[PDB]
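Those sequence lines, one after another, are chains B3 and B2.
Under the deposited numbering, the first residue of the first sequence carries the number 163, and numbering increases by one thereafter.
Under the deposited numbering, the first residue of the second sequence carries the number 270, and numbering increases by one thereafter.
Only one structure is covered here, and it is reproduced in the block below.
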Amino acid sequence: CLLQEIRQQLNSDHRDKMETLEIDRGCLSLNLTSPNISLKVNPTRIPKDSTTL
Amino acid sequence: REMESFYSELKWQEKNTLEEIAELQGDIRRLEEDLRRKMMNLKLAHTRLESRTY
């Protein structure tokens with residue numbers, strides 16, 4: 163049973179990190195002369211969780 | 270005699286001023302498109318800021 167719970171939580175972590183991978187690599191893809199680039203509302207805002215390093 | 274001297278000097282001076290003005294106009298136009306480039310850069314910056322939200 164303990165190993166089962168270990169497995170499920172590690173799977174959750176894996177999905178989290180791969181989502182982060184995709185988001186960051188799309189950010190890298192974005193470059194000049196883009197269709198969806200625009201002025202954003204309070205881009206200076208701070209997130210509501212703000213986890214540290 | 271002194272009439273003619275005055276006249277020639279003034280003509281040369283106005284020629285000089287003409288060329289200076291033309292150069293100034295070109296320069297101002299250039300700075301204007303430079304400004305447009307800065308606004309496009311700001312668009313890029315805000316979009317990159319937004320992208321980290323998700």
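Just so it is clear, CB atoms sit at the ideal spot from N, CA and C, and this is done for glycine as well.
*For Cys189 (chain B3), which three-state DSSP category applies?*
helix
*Pull up the distance between the alpha-carbon of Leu192 (chain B3) and that of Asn310 (chain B2), whole angstroms please.*
13 Å
*Which word fits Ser212 (chain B3), buried or exposed, when buried means at least 16 other C-beta atoms lie within 10 angstroms of its C-beta?*
exposed
*How would you write the range of the alpha helix (DSSP H) that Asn285 (chain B2) sits in, first residue to last?*
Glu271 to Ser320
*Take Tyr323 (chain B2) as the anchor and find which of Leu172 (chain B3), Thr182 (chain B3) and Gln170 (chain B3) has the nearest alpha-carbon.*
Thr182 (chain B3)
*Are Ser200 (chain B3) and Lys312 (chain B2) close, meaning C-beta to C-beta below 8 Å?*
yes
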